[PDB]
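Undergrad: coords please:
(chains A, B, C, D and E, ligands or ions: 6)
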Amino acid sequence: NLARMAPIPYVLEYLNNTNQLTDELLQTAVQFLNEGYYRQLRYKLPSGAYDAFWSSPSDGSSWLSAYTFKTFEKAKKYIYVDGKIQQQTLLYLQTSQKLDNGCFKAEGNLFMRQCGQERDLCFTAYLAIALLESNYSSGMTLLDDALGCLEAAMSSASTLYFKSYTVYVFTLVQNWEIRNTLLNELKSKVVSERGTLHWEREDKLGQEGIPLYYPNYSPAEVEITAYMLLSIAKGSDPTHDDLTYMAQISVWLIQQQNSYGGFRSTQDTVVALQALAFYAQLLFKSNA
Amino acid sequence: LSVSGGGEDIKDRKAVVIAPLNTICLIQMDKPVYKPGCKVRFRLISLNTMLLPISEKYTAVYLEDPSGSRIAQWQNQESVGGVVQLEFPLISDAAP
Amino acid sequence: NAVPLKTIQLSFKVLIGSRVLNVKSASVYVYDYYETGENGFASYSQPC
Amino acid sequence: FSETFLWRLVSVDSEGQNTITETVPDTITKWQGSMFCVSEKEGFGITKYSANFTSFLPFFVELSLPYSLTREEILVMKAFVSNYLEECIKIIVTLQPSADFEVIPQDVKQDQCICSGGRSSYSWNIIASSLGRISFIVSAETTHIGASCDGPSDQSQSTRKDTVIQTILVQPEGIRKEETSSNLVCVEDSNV
Amino acid sequence: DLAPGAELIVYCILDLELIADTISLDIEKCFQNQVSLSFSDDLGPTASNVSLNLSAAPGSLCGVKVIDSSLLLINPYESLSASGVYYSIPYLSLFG
Ligand SMILES: *[C@@H]1O[C@H](CO)[C@@H](O)[C@H](O)[C@H]1NC(C)=O
Ligand SMILES: *[C@@H]1O[C@H](CO)[C@@H](O)[C@H](O)[C@H]1NC(C)=O
Ligand SMILES: *[C@@H]1O[C@H](CO)[C@@H](O)[C@H](O)[C@H]1NC(C)=O
Ligand SMILES: *[C@@H]1O[C@H](CO)[C@@H](O)[C@H](O)[C@H]1NC(C)=O
Ligand SMILES: *[C@@H]1O[C@H](CO)[C@@H](O)[C@H](O)[C@H]1NC(C)=O
Ligand SMILES: *[C@@H]1O[C@H](CO)[C@@H](O)[C@H](O)[C@H]1NC(C)=O
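TA: Residues are numbered from 1 along each chain as shown, chains lettered A, B, ... in the order given. Ligands and ions are numbered 1, 2, ... in the order given. Now the structure:
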């Protein structure tokens, strides 16, 4: 459901910023915002957690709750969003401590099915991303604990998927050392084609072509590539030597575009659209 | 009660209670049972204790889903003639 | 929710609306949500 | 049931002879009407016996079709014609020919003397020898001879016309496959 | 001007005794006002121009409504019925 709702605030902000906001387009966008709010309020559990498949509820879903908290906070600017909903969602996130050593624990076993045993770490990283992007400062205990968990993750967690999340969180928190060293390390492992740059899944387990691994258009790589594009764009000062990198990282991502806008799936089209909006934020032609 | 006069006079004292009054406000919710894909047309009415119209301002009129969340809200709703007209489309999902 | 290596069977009934003759085949298309590459196809025919 | 098609908040002027003018929708049901009618001088009185209104057609023509069809498949169409007049009437029904889809002549022709509360089941043979969206048009002439069948209609009816459009979507057999190739051009007074 | 719950007391004072008797009549609800809602034609086609001739108290702001009756055959409990308004008034028949 959160595929017609995640990209609308970002595209609306992009249009408003680049002197392209229209009154009727804004009205129609607010209309779709309300409509998606109407469907999404249906899945709410009385505990304050959000779980999919309302007809068959199953003890909430922490990842889905975090994603909904993200979307409602970022979309509350235009349409009405109940503040008590957000308050009790944050209360549920608080009560969902489940501190496995220094790491939080994810609730539900349906979403992060490809990150492996790093499910809890990736959930903590995504929760931190949500807290940062939710206009929340680093003064709360949840954010402090999440940053403490991510700080002690350089040695372990040798997965390109979780590296993308850590790149995004360390880009969100303005840093000069950890973010830069992680981006420099990840920039070594970049797959380059004719005029394009991206990141493969690096799924070394079973690197073959016959047993259902021949599909080249894996949706997972687009998400990590969009994370890299957004993180590098969200720098102190992108130099001219980095604009060519932006062009090369954007052409590949925009290549996997269908005839309707959706690239591969719900989770990755959102990140790709927001990354494209941020990339086009820096470039504009007055006449074109 | 005083019955002063030329003949006999009577002085009497009884006890009553004066009580405060509130005003009654009503919902003319037409279409008693709804189906998804419709448009709910409210009508707020404000009335004195005796059935007379009074001007009333509303601040926190809102809906509530079966889950308990406020879906759409109105702020500073003034009664034009003691009648308030409100409109709200219902989404095609419309959780029963 | 998931499809493991063990075979899982699903079944349901279907009524008739407007009658039509010389009915051709139909399609069953199954695919993972987050990875469209791992997908399968199957044919459907009238029992009669 | 339809929607409440009138919702105005009209005010009363002078003694009160207000006329609400509206347009009724297509739903064939009842139209119960009520109000509440406030006034700062006196009060308000809800009506006790609500007003009743009805909309109906003397002649019904109905088509029932599936949502989609397969290429080159013989489908039969079912056209239902209903008569609600107090007199038994006759009817002839015609289908507009077209070249996009072929219609197989069923060689069936009967002028049933339908009466009050009656309905027929006229049918035709249709092959899905086209692609995309196809429109079906039915027509009626309502040659009736109103007084049962033997008694001539004379000056009873002139012409009732009921034509309804219908939509069908035939698609080639198989599954829908797509291949997209998105390209970005960065040109500074250059041609690609 | 008599709402539901009109109670009757008839009493006599003979020479030294006062005797009273009371009952609790119910009156039909009337709301001290007159309304004469009615259409112009009882029947019509499905795309006709419906004319509705209403008369009521002079200088009245007056809200109308039209609904399919099939709902009343499902849930025949109209909100704001001629008894709901009256039952929503405090102390309409004293007790003690
Ligand atoms: C667009 O940006 C301007 C500049 O900050 C702001 O005042 C305005 O509220 C924005 N509009 C929307 C719809 O966000
Ligand atoms: C949230 O946004 C406001 C701008 O309205 C800003 O002043 C504030 O610093 C942001 N962060 C927090 C934690 O409030
Ligand atoms: C019901 O509503 C209207 C009839 O007034 C029509 O447009 C719609 O298709 C109907 N749907 C069904 C399922 O009868
Ligand atoms: C209208 O319908 C109501 C429904 O009970 C009925 O009582 C009344 O007699 C009908 N006719 C008029 C003129 O109100
Ligand atoms: C575009 O085409 C015109 C021909 O009308 C030509 O004169 C011009 O040089 C071309 N390039 C640009 C940047 O206008
Ligand atoms: C209103 O009624 C008149 C005469 O019956 C005619 O113009 C038409 O039926 C209605 N108006 C519209 C715009 O349909």
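Undergrad: could you use CA atoms for every contact and neighbour count after this?
TA: Will do.
Undergrad: and the one helix or strand residue D:124 maps to, how far from the chain's centre?
TA: According to DSSP states H and E, residue D:124 maps onto strand D:122-127. Centre-to-centre, strand D:122-127 and its host chain are 19 Å apart (Cα atoms, centre = their mean, to the nearest Å).
Undergrad: what's the answer for stretch D:5-18, then?
TA: With Cα atoms, centre = their mean, you get 33 Å for stretch D:5-18.
Undergrad: next one: stretch A:277-287
TA: 21 Å.
Undergrad: same question for stretch A:26-41.
TA: Worked out by Cα atoms, centre = their mean, stretch A:26-41 lies 21 Å from the chain centre.
Undergrad: ok, back up a step: pairing partners for the strand holding residue D:124, with directions?
TA: In the sheet, strand D:122-127 lines up against strand D:74-83 (antiparallel), strand D:103-104 (antiparallel) (DSSP bridges).
Undergrad: list the contacts of the residue nearest the centre of chain D.
TA: In chain D, the centroid-proximal residue (Cα atoms, centre = their mean) is residue D:164; its distance is 5.4 Å. By Cα atoms under 8 Å, 6 or more residues apart in numbering or on different chains, the contact list for residue D:164 reads D:61, D:62, D:137, D:138, D:139.
Undergrad: what's the third one in contact with, if anything?
TA: If you count contacts by Cα under 8 Å, 6+ apart, residue D:137 has them with D:95, D:96, D:163, D:164, D:165, D:166.
Undergrad: part of a helix, is it?
TA: No. Under DSSP: H, G, I helix; E, B strand; the rest coil, residue D:137 sits outside any helix and is assigned strand.
Undergrad: quick one: it from residue D:94, how far?
TA: 9 Å (Cα to Cα, to the nearest Å).
Undergrad: from the contacts of residue D:164, pick the one nearest chain E.
TA: Chain E has its nearest neighbour among the contacts of residue D:164 in residue D:61, at 14.1 Å by Cα to the nearest Cα.
Undergrad: the closest one: neighbouring residues, count only.
TA: Using other Cα atoms under 10 Å in any protein chain shown, residue D:61 has 19 other residues around it.
Undergrad: measure it to residue D:28 for me?
TA: On the measure of Cα to Cα, residue D:61 and residue D:28 end up 14 Å apart.
Undergrad: ditto for residue A:51
TA: From residue A:51 to residue D:28 the distance is 42 Å (Cα to Cα).
Undergrad: so those two - more neighbours on which side?
TA: residue A:51 (23 against 16).
Undergrad: leaving out chain neighbours, which residue sits closest to whatever residue of chain A ends up closest to ligand 4?
TA: Taking Cα to the nearest ligand atom, ligand 4 has its nearest neighbour within chain A at residue A:38, 37.2 Å off. With Cα to Cα, 6 or more residues apart in numbering or on different chains as the criterion, residue A:38 has its nearest non-adjacent residue at 6.5 Å, and that residue is residue B:91.
Undergrad: thought the one you found was touching residue A:35?
TA: Yes. The criterion here is Cα atoms under 8 Å, and residue B:91 meets it with residue A:35 at 6.6 Å.
Undergrad: near ligand 4, which residues of chain B?
TA: Within chain B, no position lies close to ligand 4 (Cα under 6 Å from any ligand atom).
Undergrad: so which residue is dead centre in chain B?
TA: Note: chain B centre (Cα atoms, centre = their mean) maps to residue B:25, 0.6 Å.
Undergrad: sec struct for the residue in chain C that chain E sits nearest to, please.
TA: Residue nearest to chain E within chain C: residue C:17 (26.8 Å; Cα to the nearest Cα). Three-state call for residue C:17 (three-state DSSP): coil.
Undergrad: next one: residue E:10
TA: Going by three-state DSSP: residue E:10 is strand.
Undergrad: what is the burial count for whichever residue of chain E sits closest to ligand 1?
TA: Per Cα to the nearest ligand atom, the residue of chain E with the smallest distance to ligand 1 is residue E:63, at 36.7 Å. Neighbour count of residue E:63, defined by other Cα under 10 Å: 20.
Undergrad: again with the one 10 residues further on
TA: One way to gauge burial is a neighbour count; for residue E:73, by other Cα under 10 Å, it gives 9.
Undergrad: checking my notes, it in a helix, right?
TA: No. Under three-state DSSP, residue E:73 falls outside any helix and is assigned coil.
Undergrad: residue E:38 versus that one, what's the distance?
TA: Distance from residue E:73 to residue E:38, by Cα to Cα: 22 Å.
Undergrad: what helices and strands are in contact with the host helix or strand of residue A:71?
TA: Residue A:71 belongs to helix A:62-75 when assigned by DSSP H and E. Secondary-structure packing of helix A:62-75 (3 or more Cα pairs under 8 Å, 6 or more residues apart in numbering or on different chains; DSSP states H and E): helix A:83-95, helix A:119-133.
Undergrad: what's the closest of those helices to ligand 3?
TA: With Cα to the nearest ligand atom as the measure, helix A:83-95 is the member of the helices and strands packed on helix A:62-75 nearest ligand 3 (34.3 Å).
Undergrad: are that closest one and chain B in contact anywhere?
TA: Yes. Using Cα under 8 Å from any Cα of the partner chain, helix A:83-95 reaches chain B at A:84, A:85.
Undergrad: which positions in chain C make contact with chain A?
TA: With Cα under 8 Å from any Cα as the criterion, chain C meets chain A at residues C:1, C:33, C:34, C:35, C:36, C:37, C:38.
Undergrad: how many neighbouring residues does residue A:166 have?
TA: Residue A:166: 29 neighbours (other Cα under 10 Å).
Undergrad: same check on residue D:157?
TA: Neighbours of residue D:157 (other Cα under 10 Å): 12.
Undergrad: check residue E:53 too.
TA: Residue E:53 has 16 nearby residues by other Cα under 10 Å.
Undergrad: what secondary structure does residue D:4 sit in?
TA: Under the three-state scheme (three-state DSSP), residue D:4 adopts coil.
Undergrad: for the residue nearest to it when sequence neighbours are not counted, give the beta-bridge partners.
TA: Using Cα to Cα, 6+ apart and skipping residues adjacent in sequence, the residue nearest residue D:4 is residue E:67, 5.2 Å away. Residue E:67 forms beta bridges with residue D:32, as assigned by DSSP bridges.
Undergrad: residue D:33 is in contact with residue E:67, correct?
TA: Yes. With contact defined as Cα under 8 Å, residue E:67 reaches residue D:33; the gap is 6.4 Å.
Undergrad: which positions in chain C make contact with chain D?
TA: C:17, C:18, C:19, C:20, C:21, C:22, C:23, C:24, C:25, C:26, C:27.
Undergrad: from those, which is closest to chain D?
TA: residue C:20 (4.8 Å).
Undergrad: for that closest one, give me its contacts.
TA: Shown in contact with residue C:20 (Cα under 8 Å, 6+ apart): D:73, D:74, D:75, D:76.
Undergrad: kindly recompute the last result at 10 Å.
TA: Residues near residue C:20 by Cα atoms under 10 Å, 6 or more residues apart in numbering or on different chains: D:66, D:69, D:73, D:74, D:75, D:76, D:77, D:125, D:126.
Undergrad: near ligand 4, which residues of chain D are found?
TA: D:49, D:50, D:51, D:52.
Undergrad: just send the residues you listed back as CSV, with secondary structure and distance to residue B:6 too.
TA: Shown next, in CSV, are those (DSSP: H, G, I helix; E, B strand; the rest coil; distance: Cα to Cα, whole Å):
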residue, secondary structure, distance to residue B:6
D:49, coil, 60
D:50, coil, 63
D:51, strand, 65
D:52, coil, 69
